[PDB]
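K.L.:
Provided hereafter are the protein sequence and its experimental coordinates.
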Amino acid sequence: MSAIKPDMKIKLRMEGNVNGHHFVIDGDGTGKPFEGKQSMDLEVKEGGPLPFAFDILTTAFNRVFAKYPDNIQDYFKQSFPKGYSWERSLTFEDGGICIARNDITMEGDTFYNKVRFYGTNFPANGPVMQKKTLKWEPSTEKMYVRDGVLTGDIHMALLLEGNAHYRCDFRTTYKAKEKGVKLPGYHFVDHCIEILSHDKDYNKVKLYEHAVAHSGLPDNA
Amino acid sequence: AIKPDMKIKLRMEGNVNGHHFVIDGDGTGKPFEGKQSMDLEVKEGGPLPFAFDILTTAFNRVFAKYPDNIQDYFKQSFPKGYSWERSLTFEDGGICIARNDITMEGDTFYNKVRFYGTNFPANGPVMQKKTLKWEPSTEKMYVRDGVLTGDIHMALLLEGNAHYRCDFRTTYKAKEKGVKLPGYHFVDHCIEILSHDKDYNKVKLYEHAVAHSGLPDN
Amino acid sequence: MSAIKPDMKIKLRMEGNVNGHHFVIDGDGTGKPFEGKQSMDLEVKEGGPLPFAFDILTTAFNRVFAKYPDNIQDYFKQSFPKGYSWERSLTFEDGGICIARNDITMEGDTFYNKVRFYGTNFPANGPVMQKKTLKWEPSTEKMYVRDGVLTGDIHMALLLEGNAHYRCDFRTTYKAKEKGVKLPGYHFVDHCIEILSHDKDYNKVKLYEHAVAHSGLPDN
Amino acid sequence: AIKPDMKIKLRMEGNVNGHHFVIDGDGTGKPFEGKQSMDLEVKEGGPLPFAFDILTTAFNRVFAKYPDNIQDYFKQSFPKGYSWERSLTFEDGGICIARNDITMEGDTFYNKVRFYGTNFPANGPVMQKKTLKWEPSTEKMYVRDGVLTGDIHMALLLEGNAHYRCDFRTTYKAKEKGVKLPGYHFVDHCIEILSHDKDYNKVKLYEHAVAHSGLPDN
């Protein structure tokens, strides 16, 4: 009943500020919500070349794109056609801290995303300011309800140059715009986000994500 | 460069839990006494749907009494100025990031303030407005990776006598190169809403701050 | 390695102290290292009945029992006959902190486990001290190397009476006793741990665990 | 009930990153003056393969000078005593927990102390013994769910002049029923290793602590 199509278009605008550095980034993409896959082309419109690792932004560029089995309530697909919003904190191991918010609507065959991303206290010689990141590793988000609110936790890690890892704790709260959307029980979403291609300074980036929900062992087998 | 009696002009724009607002400030202080106060008026998005107290530390470390034996980073930052960025991490998962760009012209400090906040639970003391005041505090000032940083254990006193904790981390950066960094030291703070109309569209705010070196010196 | 047999026995003694409460717990179990499964009977020997939730103890009662595929280096199985030890911090959401450690050796077809578990700062009214826990949820541990030391991080959650969850961050460091045990790259271990039965005061508990390593999406 | 001059007897047992140790302490102090010192001797585990500094705040809040306008929980706990439990969360993932049970008879405080630590990085400043001292600090004392609790932003000064931060959360509980709880207040602390032998098998330790109510009261 979402009126979501097997093939959806995606438009996005992000505005934000990290360590005092302002930026605006536009995105235009497409995806398959029932296969849990999406991809997007991003262009930095203000603030480029970004003076920090593009990677920290990428998870902010929609859990509608996650393959849900029939036995787990899919809160995100049921939030539509109206939509939903999420709010996230990204707590990095060296004290960098970011918060982000997305309001997601839908017209026709298109999701519209209004994304804000603010961060500070990244050390000047850390991997983020020094642009030493290579990618996010795959991850598994733990989804559960806390005082009526769908919440997601993830231990994330950025692979660095030299092959060390730089850890980050995500916590996201998700809220349907309409009242009454039924809450799922405790479950998982596996993710893998990748930059497919980019120019030298990441002014232009092609992003891809794949996500699948599941119930853990022994169920996931 | 810094006068004993200074004025303060301020504009804040911000968004907390999806709610946009703009607040203007006009005040005065005595930089060498560590004192200031300001009148605030909500110009847009009023009355705020959340506790005004979360905003008050965002409304200038130039207003702190520094003794002779501690480098005063802030007073040395003028006339060019400095800026600060701060995370406010509340215990129920509410999180804000605030920043201020502070310039000077004649006897007046200008402050351009941004305040962004997410993840305050609908039933927590912030959205339910159960806050009474911040407790006084002692900020620990130190240097990390070349940057002057302050951490503070903050707490808001609540209706019903409990406290709601918040961890502050602020980075401070002089606009001019080669301003000399101080060593590890402390700044005691007391901030207080002296008065306010019913809905907090208008607020009179006061702060007192004194830098020190901890025991056994203090 | 040839040191690990398809059926292994387990002997275990745990001593610890939680919120000033001393206890000792014995255990005797069996597992199937290549199936990723094990099972144990535990008995409280001193300090029973425990005044706190038995669940906080259960992950302290051996990553050898995890099913590893061929394309991921299996540090745990590789570490025998000599063995390995691990040390873990359990940081619960209300300020309760536990520190646990196991030193694991092998004699014949048996793992011997020297386990310590210590805990402080559990609020008297919290679910641990009030015994409101029902079970750990299944979990996914992130395994990576930090400074030449194999490390696992896990977002764990205890399901509580009333349907809410009580959160805990695990961080475990694993150290082979010998130097020449090749380190794996970044990978995952799914876990599911379960108390199969227990008597009223948890003086006697039967415990079970199933674990499987994988490499995340798209492989799986 | 507490004398102006008290003896202190202590033993600590613990284990950091898998290394076991037993340490004995014999000291004296002046409870009403907030001053204390103690001679420590390593009895087992010597020489310690980690920074002795991480242990020193586990080696009694009765030794803090309280003004009359703040309820002194610790002194009011005696003769029966009290216990404290602490978590020490280091910025690099090192974490310790500690507990002390404190009793008294006549002129002597007795201490039964346990200290456990883990996940310190083999190359970090604790395992490499690159710490110099703790900075002075200010502990925020407040009541949470009927329990007196203290939070501190601690920092170890390191060789090379960086600071290694630690967050301390302590809860304190009187043994006897009905000890009245204080309002929100502060305790300034300064701890110092006065002298030590080469591998810290023997150490002289000193602390001074003074409770206060923050600005403006000073």
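P.N.:
Okay, I see it. Numbering: from 1, shown residues only, chains lettered A, B, ... in the order given.
K.L.:
interface residues of chain A facing chain D?
P.N.:
A:93, A:95 (C-beta under 8 Å from any C-beta of the partner chain). Heads up, the C-betas are built off the backbone N, CA and C, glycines and all.
K.L.:
Please, where are all the helices along chain A?
P.N.:
A:75-78 (DSSP state H).
K.L.:
distance of the residue nearest the centre of chain A from residue B:15?
P.N.:
Centroid check for chain A by C-alpha atoms, centre = their mean gives residue A:59 as the closest residue, at 2.9 Å. Distance from residue A:59 to residue B:15, counting by C-beta to C-beta, to the nearest Å: 20 Å.
K.L.:
Next, the contact list for residue A:136, please.
P.N.:
A:55, A:58-59, A:156-159, A:193 (C-beta atoms under 8 Å, 6 or more residues apart in numbering or on different chains).
K.L.:
so which of those residues comes closest to chain C?
P.N.:
residue A:157 (6.3 Å; C-beta to the nearest C-beta).
K.L.:
partners of the closest residue to that closest one other than its chain neighbours in the sheet?
P.N.:
Computed as C-beta to C-beta, 6 or more residues apart in numbering or on different chains, the closest residue to residue A:157 that is not its neighbour in sequence is residue A:165, at 4.4 Å. With DSSP bridges as the criterion, residue A:165 is bridged to residue A:159.
K.L.:
Report the contact partners of residue A:165.
P.N.:
A:137, A:157-159, C:144-146, C:186 are the contacts of residue A:165 under C-beta under 8 Å, 6+ apart.
K.L.:
And for residue A:66?
P.N.:
By C-beta under 8 Å, 6+ apart, the contact list for residue A:66 reads A:36, A:76, A:189, A:191, A:211-213.
K.L.:
Please apply the same query to residue A:100.
P.N.:
A:16, A:60, A:87-88, A:90, A:115-118, B:118.
K.L.:
now do 7 Å
P.N.:
A:60, A:88, A:115-117 (C-beta atoms under 7 Å, 6 or more residues apart in numbering or on different chains).
K.L.:
what is it paired to in the beta sheet?
P.N.:
With DSSP bridges as the rule, residue A:100 is bridged to residue A:88, residue A:117.
K.L.:
ditto for residue A:211
P.N.:
residue A:191.
K.L.:
could you dump the contacts of residue A:100 to a markdown table with neighbour count?
P.N.:
Output for the contacts of residue A:100, formatted as a markdown table (neighbours: other C-beta atoms under 10 Å in any protein chain shown):
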| residue | neighbour count |
| --- | --- |
| A:60 | 20 |
| A:88 | 22 |
| A:115 | 21 |
| A:116 | 20 |
| A:117 | 24 |
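K.L.:
wait, which of those is closest to chain C?
P.N.:
For these, the nearest to chain C is residue A:88 (14.8 Å; C-beta to the nearest C-beta).
K.L.:
That closest one is in contact with residue A:168, isn't it?
P.N.:
No. Using C-beta atoms under 7 Å as the test, residue A:88 is too far from residue A:168 to be in contact (10.8 Å).
K.L.:
about what we covered before: may I ask which two of the contacts of residue A:136 are separated the most?
P.N.:
A:59 and A:159 (14.6 Å; C-beta to C-beta).
K.L.:
Run through the residues that contact residue A:99.
P.N.:
So residue A:99 contacts A:88-89, A:118, B:95, B:97, B:116, B:118 (C-beta under 7 Å, 6+ apart).
K.L.:
Equivalent analysis for residue A:10, please.
P.N.:
Applying C-beta under 7 Å, 6+ apart, the residues near residue A:10 are A:29-31, A:38, A:40, A:110-111, A:113.
K.L.:
swap the cut-off to 8 Å and go again
P.N.:
A:27-31, A:38, A:40, A:62, A:110-111, A:113.
K.L.:
Could you identify the buried members of those residues?
P.N.:
A:27, A:29, A:31, A:38, A:40, A:62, A:111, A:113 (16 or more other C-beta atoms under 10 Å in any protein chain shown).
K.L.:
Without its sequence neighbours, what residue ends up closest to the second one?
P.N.:
Spelled out, that is residue A:29. residue A:40 (3.0 Å).
K.L.:
Am I right that that neighbour is in contact with residue A:61?
P.N.:
Yes. With contact defined as C-beta atoms under 8 Å, residue A:40 counts as touching residue A:61 (5.9 Å).
K.L.:
which neighbours do the two share?
P.N.:
Counting by C-beta under 8 Å, 6+ apart, the residues touching both residue A:40 and residue A:61 are A:12, A:27, A:207.
K.L.:
ok, back up a step: would you list the contacts of residue A:66 in CSV and tack on neighbour count?
P.N.:
Below are those laid out as CSV (neighbours: other C-beta under 10 Å):
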residue, neighbour count
A:36, 22
A:76, 27
A:189, 23
A:191, 24
A:211, 23
A:212, 21
A:213, 22
